[PDB]
Each structure stands twice: as C-alpha cells, then as structure tokens.
Amino acid sequence: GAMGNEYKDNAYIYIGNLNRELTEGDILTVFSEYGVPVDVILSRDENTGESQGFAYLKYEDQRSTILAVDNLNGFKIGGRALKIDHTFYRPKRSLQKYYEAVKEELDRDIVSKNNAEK
Amino acid sequence: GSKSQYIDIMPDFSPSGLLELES
C-alpha cells in the first residue's frame, strides 16, 4: 500500500505576523491573485478564535511554492509585509473539521472531478 | 474553566478590506 508518503504534499508556506483584523477571507483573497484555491490554515485561539497572527497555506505545486514565496515575501498587507517561509505540517484528523470547513468553500471547484463521465 | 476547555474553531472567510486601501 503506497499513498506516496515519501512525497511531501503536506508542504506549505508560512506567513508571518498578520493584522488581527485580517481573517481567512482576506488571506484567501490575497492568494486569489495566483488563482490557486487549496488548504489555508489561520492560527486562531481555541476558545475565542482570536487571530494569533500566524497563517499557513497548503497548495500542491512545486512551481507555485517558490513563486509565491519570493513574490509575496516583502509584500505589504495592511501594513504588514508578508514574510514567507517554507514548512511542512500534517493535518491531524482530530481537527479535520477545520480543514474540511476550508474545503467547504473550495468544494465549488472540487466538484469538478477528473475524467468526464464514461 | 468549564467553557475554556472546549476546542472548536471554524474558519471564517470574511472581507476586512484592509488591503483595499492599498490595492
């Protein structure tokens, strides 16, 4: 059984301290420039959901990684210059609802499956 | 801490518009 565990798909970019006024919607809006809708993780308090200021975006594409990292590195959002670093993290299923809620918005695109019918 | 021991976080896609004033 091979799922491609040697292939780091759980790779993503790390965004640094953002404005507390910035929400996941704003974050997705910024990445909408590249038109690549994939996983997005915003560090929010487990009780009140306070924006901790750390953002992550997991998209699968080696070309787009280096592109977005260099392109967004130094880009200002609300006065906050985006510092993009490389990092990898495996989403635990104990928090699947979070990532699922993310794909809930992406489902509008995910509906289009590969291979058109028979 | 009865209401501080729960863990529930639901992504909220809202538009602040903070970046609108510079884009």
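In this document, every chain is numbered from 1 following its sequence as written, which may not correspond to the numbering used in the entry; residues for which no coordinates exist are not shown. Each chain takes a letter, starting from A, and each ligand takes a number, starting from 1, following the order in which they are written. Side-chain descriptors were evaluated using all non-hydrogen atoms of the structure, hydrogens and water having been removed beforehand.

Its PDB header attributes the entry to solution NMR.

The PDB entry lists chain A under the name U2 snRNP component IST3, from Saccharomyces cerevisiae. Taken verbatim from the UniProt record of chain A, the Function comment is "Required for pre-mRNA splicing and spliceosome assembly. As part of the pre-mRNA retention and splicing (RES) complex, required for nuclear pre-mRNA retention and efficient splicing. Required for MER1-activated splicing." In its Sequence similarities section, UniProt records this for chain A: "Belongs to the IST3 family." UniProt positions are given in the numbering used here, feature names are shortened, and annotations may be inferred rather than shown by experiment.

Let's talk about the interface of chain A and chain B
At the junction of the two partners, chain A supplies 23 residues and chain B supplies 16 residues. In short, buried area is how much 1.4 Å probe accessible area vanishes from two parts on joining, totalled over both. At the boundary of chain A with chain B, total buried surface from both sides reaches about 1,700 Å², with 65% on carbon and sulfur atoms. Salt bridges are identified by distance alone: a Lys or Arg side-chain nitrogen within 4 Å of an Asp or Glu carboxyl oxygen. At the boundary of chain A with chain B, the tally comes to zero salt bridges. Polar contacts, as used here, are pairs of N or O atoms within 3.5 Å; protein pairs need one atom able to donate a hydrogen and one able to accept it. Residues neighboring in sequence count only if both atoms are side-chain atoms. Counting every contact that joins chain A to chain B gives seven residue pairs in polar contact. Secondary structure is summarised from DSSP: a helix means a run of H or I of at least four residues, a strand means a run of E of at least two, and numbering begins at the N terminus for each. Among the secondary structure elements, those contributing two or more residues to the side of chain A that touches chain B are α1 (24-31), β2 (39-44), β4 (76-77) and α3 (96-110) of chain A. Classification used: nonpolar for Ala, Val, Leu, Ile, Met, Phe, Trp, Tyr, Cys and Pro, charged for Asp, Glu, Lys and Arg, polar for all others including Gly. For the side of chain A that touches chain B, the class distribution of residues is eight nonpolar, six polar and nine charged. Whether two residues are in contact is decided by their heavy atoms, any of which lying within 4.5 Å being enough.

Some thoughts on empty space enclosed by the protein
Residue and element names in this part refer to chain A. Buried and open spaces are told apart on a 1 Å grid over the protein atoms alone, a cavity being a set of points where a 1.4 Å probe fits but cannot get out and a pocket being an open set with protein on both sides within 12 Å along at least five of seven lines. Residues with an atom within 4 Å of a point are the lining residues. Grid points are joined across faces, edges and corners, and a volume is the space filled by probe spheres set on the points. Within the structure shown, the criterion is met by one cavity of 30 Å³ or more. Size it by volume and the largest cavity reaches roughly 80 Å³. Taken together, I15, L18, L22, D26, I27, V30, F31, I77 and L82 make up the full set of residues lining the largest cavity. Ranked by residue count, the leading element in the lining of the largest cavity is α1, at four residues. Residue classes in the lining of the largest cavity are distributed as eight nonpolar, no polar and one charged.

Structural notes on the pattern of salt bridges
All names here are of chain A. Applying the stated criterion to the full structure yields four salt bridges over all chains. Between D9 and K58 there is a salt bridge, and its shortest N-O distance comes to 2.9 Å. In this pair, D9 is assigned in the segment before β1 (11-15) and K58 in strand β3 (residues 51-58), connecting sequence segments 49 residues apart. In this structure, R20 engages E21 in a salt bridge whose closest nitrogen and oxygen atoms are separated by 3.2 Å. With relative accessibility at 65%, the residue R20 sits in the exposed group. A 1.4 Å probe rolled over the protein chains alone gives each residue an accessible area, and that area as a share of the maximum for its type sets the label: buried under 20%, exposed over 50%, partly exposed in between. Judged by its relative accessible area of 45%, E21 is partly exposed.

Things to note about a negative patch on the surface
Residues and elements named next belong to chain A. Taken together, the side chains of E100, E104, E105 and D107 present a region of like negative charge at the surface. Locating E100 in the fold gives a position in helix α3. Overall, the relative accessible area of 38% leaves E100 in the partly exposed class. Candidates for patches are residues over 30% relative accessible area with no salt bridge; among them, like charges are joined within 9 Å and nonpolar side chains (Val, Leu, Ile, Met, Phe, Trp, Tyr) within 5 Å. The protein chains shown are the only cover counted for residues, whose accessible areas, like all others here, come from Shrake-Rupley with a 1.4 Å probe. Under the counting rule used here, the positive set is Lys and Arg, the negative set is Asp and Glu, and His together with the chain ends is not counted. For this purpose, a charge sits on NZ of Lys, CZ of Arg, CG of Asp or CD of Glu.

With respect to the side chain of A:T23
With respect to the helices, strands and loops of the structure, A:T23 is situated in the loop between β1 and α1. For A:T23, a relative accessible area of 15% translates into the label buried. Polar side-chain contacts of A:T23 include one of 2.7 Å to the backbone oxygen of B:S14.

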